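Chains as they are written, first to last, in the entry's author numbering: chain AD, 81 to 160; chain AF, 20 to 225; chain AZ, 36 to 105; chain AU, 62 to 121; chain AT, 2 to 144; chain AQ, 3 to 143; chain AR, 2 to 68; chain AS, 2 to 146; chain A7, 56 to 110; chain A2, 5 to 67.
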Amino acid sequence: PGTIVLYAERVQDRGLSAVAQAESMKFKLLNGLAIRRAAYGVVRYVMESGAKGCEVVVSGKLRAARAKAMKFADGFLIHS
Amino acid sequence: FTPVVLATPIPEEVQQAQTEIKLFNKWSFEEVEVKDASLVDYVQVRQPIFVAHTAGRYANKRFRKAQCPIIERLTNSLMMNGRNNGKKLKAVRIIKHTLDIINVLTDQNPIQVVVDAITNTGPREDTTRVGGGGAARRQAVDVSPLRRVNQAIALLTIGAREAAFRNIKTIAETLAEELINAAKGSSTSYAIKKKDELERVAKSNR
Amino acid sequence: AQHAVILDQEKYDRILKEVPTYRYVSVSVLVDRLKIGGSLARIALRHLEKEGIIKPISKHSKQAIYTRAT
Amino acid sequence: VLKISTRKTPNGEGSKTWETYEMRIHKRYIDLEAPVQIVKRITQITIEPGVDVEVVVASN
Amino acid sequence: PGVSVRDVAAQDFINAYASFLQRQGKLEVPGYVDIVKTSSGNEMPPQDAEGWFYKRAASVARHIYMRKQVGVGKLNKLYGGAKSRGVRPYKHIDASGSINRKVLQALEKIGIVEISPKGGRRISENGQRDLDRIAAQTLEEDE
Amino acid sequence: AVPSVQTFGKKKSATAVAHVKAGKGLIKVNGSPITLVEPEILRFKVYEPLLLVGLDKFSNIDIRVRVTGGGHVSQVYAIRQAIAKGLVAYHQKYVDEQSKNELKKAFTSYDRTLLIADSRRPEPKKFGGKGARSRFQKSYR
Amino acid sequence: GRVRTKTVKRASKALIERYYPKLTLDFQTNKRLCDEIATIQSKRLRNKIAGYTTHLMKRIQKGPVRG
Amino acid sequence: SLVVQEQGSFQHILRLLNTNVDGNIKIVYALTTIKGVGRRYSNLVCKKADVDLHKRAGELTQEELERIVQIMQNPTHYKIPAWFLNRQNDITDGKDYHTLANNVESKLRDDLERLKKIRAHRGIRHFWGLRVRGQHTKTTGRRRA
Amino acid sequence: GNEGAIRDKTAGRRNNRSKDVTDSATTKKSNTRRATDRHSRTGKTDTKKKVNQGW
Amino acid sequence: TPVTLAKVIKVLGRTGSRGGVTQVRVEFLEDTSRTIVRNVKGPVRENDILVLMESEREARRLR
RNA sequence: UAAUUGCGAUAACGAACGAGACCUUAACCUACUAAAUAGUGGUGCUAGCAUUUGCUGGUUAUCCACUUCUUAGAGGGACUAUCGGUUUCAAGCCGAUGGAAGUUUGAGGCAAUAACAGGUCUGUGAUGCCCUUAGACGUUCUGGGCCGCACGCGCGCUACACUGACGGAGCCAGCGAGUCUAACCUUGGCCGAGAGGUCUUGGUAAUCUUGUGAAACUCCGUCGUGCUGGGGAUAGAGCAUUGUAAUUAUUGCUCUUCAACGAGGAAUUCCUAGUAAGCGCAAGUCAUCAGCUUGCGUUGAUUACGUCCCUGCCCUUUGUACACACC
Ligand SMILES: [Mg+2]
Ligand SMILES: [Mg+2]
Ligand SMILES: [Mg+2]
Ligand SMILES: [Mg+2]
Ligand SMILES: [Mg+2]
Ligand SMILES: [Mg+2]
Ligand SMILES: [Mg+2]
Ligand SMILES: [Mg+2]
Ligand SMILES: [Mg+2]
Ligand SMILES: [Mg+2]
Ligand SMILES: [Mg+2]
Ligand SMILES: [Mg+2]
Ligand SMILES: [Mg+2]
Ligand SMILES: [Mg+2]
Ligand SMILES: [Mg+2]
Ligand SMILES: [Mg+2]
Ligand SMILES: [Mg+2]
Ligand SMILES: [Mg+2]
Ligand SMILES: [Mg+2]
Ligand SMILES: [Mg+2]
Ligand SMILES: [Mg+2]
Ligand SMILES: [Mg+2]
Ligand SMILES: [Mg+2]
Ligand SMILES: [Mg+2]
Ligand SMILES: [Mg+2]
Ligand SMILES: [Mg+2]
Ligand SMILES: [Mg+2]
Ligand SMILES: [Mg+2]
Ligand SMILES: [Mg+2]
Ligand SMILES: [Mg+2]
Ligand SMILES: [Mg+2]
Ligand SMILES: [Mg+2]
Ligand SMILES: [Mg+2]
């Protein structure tokens with residue numbers, strides 16, 4: 081007891097936070113949104129938080145039996 | 020030769036031949052000449068060497084292989100057939116012995132004899148499997164000097180090894196037998212045979 | 036089995052009167068002269084050097100080498 | 062250097078590709094002759110996340 | 002001039018010392034010699050038959066002269082080589098600790114080596130003495 | 003303190019250090035004369051520098067060398083390199099330049115790397131073969 | 002195969018364009034120049050650049066070069 | 002060693018332990034063509050017999066051969082260790098034998114029979130002409146019987 | 056039991072050795088199905104409305 | 005027997021389906037001022053010396 | 001060009017993802033900052049041999065100084081540099097010299113867009129739906145089984161010996177890893193033919209195991225071409241180790257038994273320099289078991305430095321009634 085201590089700490093803009101933006105999609109879809117609305121919104125907001133670029137992939141299955149994926153990018157990224 | 024010595028001392032013949040002439044295990048590099056025009060440039064001899072071992076970078080360029088001292092090329096080609104791959108100390112010693120042996124028979128710088136069996140075994144012309152349509156004839160070709168040296172060494176050591184296999188005669192002895200029979204070409208050597216035949220067919224198909 | 040494992044007195048004398056002209060003598064040469072296998076032929080190598088003919092010009096296991104006396 | 066060398070696949074199919082991770086461990090020591098005051102001062106501070114600082118004593 | 006053994010090549014030395022320890026007659030030869038192998042990693046026993054314990058004695062001694070201290074383990078590891086596990090790959094294997102340990106105890110009783118602190122067996126000063134001596138002797142045959 | 007340099011030699015992973023000081027002419031390796039050495043066939047390889055440059059040369063100097071690493075041939079090349087490098091390092095601080103450069107000349111000329119270290123080294127094996135380039139074996143079906 | 006990527010050749014172009022006096026068929030100094038005079042992030046890439054701009058100079062000296 | 006001589010002395014081929022033994026082989030190995038005398042056994046027996054192993058089967062006195070046999074079939078008496086022996090701890094009288102020659106065949110018979118007679122898996126396995134030391138039998142030995 | 060197993064002829068090696076070997080021993084892979092891999096069996100199909108609602 | 009020596013003066017290129025053959029113009033030695041084109045079998049450079057086994061006859065293509 | 005890498009041609013100009021850059025590791029720093037957990041020289045304490053100085057050791061501190069070697073921070077270094085050939089005198093390519101280094105410096109890490117009904121629901125307390133749910137398809141306990149053997153296929157290990165086996169003797173690596181609320185890495189001493197046993201011991205580690213004295217290899221012997229002393233399958237008897245348990249034999253040792261295999265048809269794999277091949281080691285797995293893997297160093301070649309003949313693949317042009325796209 082007392083040899084361990086927790087503090088919270090707001091994060092300087094969730095906008096450049098992969099983890100935050102993923103959790104945000106999770107919530108958008110889970111909260112019964114649209115697909116492109118959710119994604120394009122996350123993206124437009126990440127961009128708006130002044131990012132160099134960003135990309136959101138949704139893979140799996142929506143409403144139709146067969147699985148599909150979708151890339152939603154804007155701005156600029158490097159890959160290698 | 021003027022001897023000299025210091026603390027830990029250096030043996031007689033050692034001092035002697037060392038500082039004077041720059042010769043082999045202990046054989047002359049001076050004299051020793053390539054009795055076939057061409058082949059010179061592709062048989063080394065001078066710069067002279069003590070033993071045929073060298074951390075040689077003779078591969079990284081197309082032709083520099085040529086520049087490697089001949090005797091060491093021979094010993095190199097000794098150290099194959101799987102079991103023996105690597106094992107240059109083995110090979111080198113086999114050569115020292117071989118040269119002693121060859122020397123015993125008929126004198127000559129034995130390195131000169133080697134030089135001769137090498138000159139005397141490269142095929143002046145050969146053949147390749149040209150198409151010409153399914154039933155492939157054979158177009159006579161005149162073969163490079165480099166290929167001639169290469170193939171000479173290959174042949175000599177192969178025949179020497181194949182001979183030596185499964186009998187009491189030891190590698191150096193049969194290598195010296197092939198070398199000798201070949202140096203002044205005598206159709207009792209596997210090498211000379213194979214050259215003569217390559218050129219027989221190469222004539223036969225021009 | 037096919038022979039050369041003993042000494043048959045005639046063989047000994049044979050060894051003494053046959054070993055000149057042998058510019059090369061070794062384990063192998065002695066066998067090749069239709070006699071002594073590499074056991075007792077090694078002994079022959081040690082014992083022609085007892086005194087005479089063979090002049091030691093090389094050294095070791097596997098390879099030995101000698102020349103006619105002078 | 063701690064290597065861990067694993068198949069990439071979670072199963073078995075595919076050409077057998079191998080992959081290898083490392084954690085690099087860097088260690089250092091500085092020996093210092095001082096009194097209690099300066100050691101305690103200097104070592105309560107200089108604190109740093111990720112750096113494991115250990116202070117011993119003695120000559121045995 | 003002055004002398005050590007380091008001034009004398011392995012073989013002719015160790016054979017010089019073999020022939021010596023032999024001659025001498027003082028030694029200790031366990032008795033299981035001749036009926037024994039030298040390592041589980043071996044096929045046949047030694048060919049020197051009468052002797053070879055002198056050969057290893059010499060070898061061991063010179064090995065210990067040429068360094069601080071050495072134990073039975075290090076010698077087993079040294080004197081050991083490849084064992085054919087027949088049809089399954091070769092692996093190095095240690096040699097017998099009896100042969101060695103007994104050899105040490107022998108040379109020690111003969112005062113040519115001594116239980117060292119630190120661990121193991123250090124060459125004796127009288128070992129230094131006698132070894133440098135026959136070393137010298139071996140260069141003296143060569144004169 | 004007498005005049006003295008240190009040098010080294012390197013083939014594969016073997017490394018051979020030379021201490022080359024003013025002496026009455028010893029040439030020892032680890033702790034034995036340079037006459038022992040064995041490898042043996044290769045023995046001349048280590049004599050090689052001395053004879054290339056005249057046996058005298060070592061009379062104002064004591065030479066000692068110690069090799070660790072590599073293996074048998076590996077160590078021979080390292081020690082010889084260390085010795086020739088040594089001799090030259092010594093003529094560079096104590097004798098005059100022209101002498102040193104005459105020695106670099108006779109080594110560098112004939113050579114076997116004596117002054118310069120061979121850069122060849124192990125290449126790492128990569129999964130899918132017992133070697134670096136060697137790939138395993140396939141049957142198709 | 003030793004052929005220089007765009008970024009390298011592009012940079013030689015621009016540099017020679019705007020700093021031809023200073024620069025001089027010597028890599029060694031053109032190098033140092035590049036340090037003092039432009040901002041690169043790897044030694045390697047900077048060298049590559051200098052060496053090529055050095056080449057380009059070295060051949061401008063004997064008649065013009067397109068681009 | 003030495004250039005030797007002798008006369009009619011040595012007779013090629015000689016017969017011990019109900020078998021035959023070639024002359025002109027290095028004796029230690031001659032003894033081997035008998036059943037139950039691996040190279041080691043032979044070596045130690047010869048050393049115990051006080052014989053010059055440098056000899057062929059060739060030479061050797063009759064006497065010498067006699068001693069050789071005596072020791073071969075009474076190892077424990079002429080101080081041979083017993084861990085050196087192919088049949089220690091019988092399984093009935095519990096003595097230690099080094100079973101030799103035409104008798105090792107019998108002893109194999111005996112043991113295999115004991116296993117079969119007692120119905121033990123090893124026995125059944127033998128009777129079936131299969132491998133008994135537990136090796137996989139899918140792939141190996143198909144040339145077989 | 057074990058008495059059974061040794062006493063049972065129609066057992067052991069000789070007996071097998073003397074029997075012919077079946078041909079399905081020396082068979083081949085089988086394969087069964089592959090040029091149907093792209094051809095869906097479900098017989099179901101999706102539909103542009105459901106897909107457009109989803110995606 | 006009549007040997008004929010020729011010096012490689014120009015390397016033309018590789019022929020043969022496999023492509024291990026090399027076409028070369030050679031100036032023979034015992035009397036220059038005359039050139040012939042032969043086909044090699046080994047690796048070849050400018051100034052090597054071929055032993056034309058037969059002195060007059062020359063090729064071109066190779067499949 | 002390794003590269004949509006560039007030059008050049010040019011209704012295009014100028015750019016971005018990817019390649020490149022970047023990062024890691026291997027190479028070079030008598031320049032920098034240092035070190036009893038790395039080492040060198042001097043000095044003391046001291047052994048041996050010569051004796052005329054000398055030569056070779058002992059001594060985790062008896063002190064002094066150093067940083068060449070070792071360690072790892074910071075820098076520096078290379079840019080295919082200089083010169084010359086060749087090329088549309090372009091990007092480039094080649095040779096020579098210099099150089100630690102000039103094959104993308106060697107080797108890796110990262111790696112766009114798109115595709116596949118590739119494999120994985122048996123890695124997951126990731127998961128839809130179906131099934132099952134107390135005579136369980138939950139779970140645990142005892143015992144067996146995945147190892148079963150006429151035989152087809154793949155990866156492998158060991159061999160056919162004399163560039164060798166055996167036996168003395170010489171004797172040299174690099175990458176690793178190790179015990180707290182525990183029994184891990186183990187030196188040394190004894191006992192034991194061996195395997196192993198036993199008493200102590202150092203180490204939570206650049207400190208101890210450990211210079212991991214590894215194996216191929218080197219040297220002096222034995223054997224002598226004989227299925228031989230090559231080879232060591234199969235099998236018998238005995239001894240020990242892990243484990244609650246060893247039978248269908250975990251593994252280790254000793255004696256004995258001594259097979260096929262005399263270089264392997266049609267076919268077919270892999271490979272360009274410290275590479276190939278030979279050789280061992282450490283790590284993973286692990287109570288015990290490596291003939292496997294992943295890395296590591298040791299010994300260290302022959303042959304190309306080319307092409308499109310075989311095969312495979314990308315690219316143009318071309319045809320299409322295909323577009324769920326030749327399944
Ligand atoms: Mg990029
Ligand atoms: Mg060893
Ligand atoms: Mg050994
Ligand atoms: Mg490797
Ligand atoms: Mg037997
Ligand atoms: Mg590419
Ligand atoms: Mg004095
Ligand atoms: Mg004095
Ligand atoms: Mg430093
Ligand atoms: Mg150069
Ligand atoms: Mg790099
Ligand atoms: Mg899964
Ligand atoms: Mg489920
Ligand atoms: Mg799992
Ligand atoms: Mg998960
Ligand atoms: Mg279930
Ligand atoms: Mg299974
Ligand atoms: Mg299969
Ligand atoms: Mg596989
Ligand atoms: Mg050996
Ligand atoms: Mg006991
Ligand atoms: Mg403790
Ligand atoms: Mg180490
Ligand atoms: Mg046979
Ligand atoms: Mg054997
Ligand atoms: Mg069991
Ligand atoms: Mg079973
Ligand atoms: Mg046999
Ligand atoms: Mg073969
Ligand atoms: Mg198991
Ligand atoms: Mg393991
Ligand atoms: Mg496995
Ligand atoms: Mg049409």
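For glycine and all other residues, C-beta sits at the position ideal for the given N, C-alpha and C.
No Cβ of chain AZ is located within less than 7 Å of the beta carbon of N44 (chain AS). CA-to-CA, the gap between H99 (chain AS) and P90 (chain AT) works out to about 32 Å. For the segment 161 to 212 of chain AF, the full-length alpha helix (DSSP H) segments reaching 4 residues or more read 164 to 183 and 190 to 202 along the chain. Contact annotation: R7 (chain AT) and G33 (chain AQ) have beta-carbon atoms nearer than 7 Å. Rounded to the nearest angstrom, the Cβ distance from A50 (chain AS) to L15 (chain AS) is 15 Å, too far for a contact under 8 Å. Contact annotation for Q37 (chain AF) against chain AQ: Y49, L52, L53 and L57 [CB-CB distance below 8 Å, chain order]. Contact annotation for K69 (chain AU) against chain AQ: no contact, minimum CB-CB distance about 10 Å [criterion: below 9 Å]. Residue pairing of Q70 (chain AT) in beta bridges, as defined by DSSP: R123 (chain AT).
Judged by DSSP in its simplified three-state form, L16 (chain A2) adopts strand. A24 (chain AQ) is not a Cβ neighbour of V55 (chain AQ), given a cutoff of 7 Å. Only those residues of the segment 18 to 29 of chain AS whose C-beta falls short of 7 Å from the nearest C-beta of chain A7 would be listed, and there are none.
Spanning the alpha carbons of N57 (chain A7) and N71 (chain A7) requires a straight line of approximately 20 Å. For chain AZ, the residues of the segment 50 to 80 of chain AS that bring a beta carbon within less than 9 Å of one of its beta carbons are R57 and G59, in chain order. Of all residues in the segment 47 to 70 of chain AT, those with a C-beta nearer than 8 Å to a C-beta of chain AS are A50, reading in chain order.
If the five residues before and after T39 (chain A2) are omitted, its C-beta is found closer than 6 Å to the C-beta atoms of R29 and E31, all from its own chain and listed in chain order. With its beta carbon at least 7 Å from every one in chain AZ, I121 (chain AF) lies outside the interface. In this structure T140 (chain AF) is buried. Its beta-carbon is surrounded by 16 or more other beta-carbon atoms within 10 angstroms. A59 (chain AT) is not a Cβ neighbour of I113 (chain AT), given a cutoff of 7 Å.
For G72 (chain AQ), the shortest separation between its Cβ and any heavy atom of ligand 3 does not lie below 6 Å. Separation of the CB atoms of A51 (chain AR) and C35 (chain AR) is rounded to 5 Å, and the pair is thereby assigned contact status at 8 Å. DSSP places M127 (chain AD) in the helix class (H, G or I) of the three-state scheme. Excluding sequence positions up to five before and after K85 (chain AZ), its CB lies less than 6 Å from no other CB in the same chain. Proximity of chain AU to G130 (chain AQ) at the Cβ level (cut-off 9 Å) is accounted for by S76, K77, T78 and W79, in chain order.
Classified as exposed, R134 (chain AT) has fewer than 16 neighbouring CB atoms from the shown chains inside 10 Å of its CB. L45 (chain AS) and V38 (chain AS) do not touch by the CB rule: their CB atoms are close to 10 Å apart, not below 8 Å. Take the alpha-carbon of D120 (chain AQ) and the one of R76 (chain AF): they are about 9 Å apart. Residues of chain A2 whose Cβ lies closer than 9 Å to the Cβ of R166 (chain AF) are, in chain order, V44, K45, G46, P47 and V48. Linking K103 (chain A7) to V122 (chain AD) through their CA atoms gives a straight-line distance of about 26 Å.
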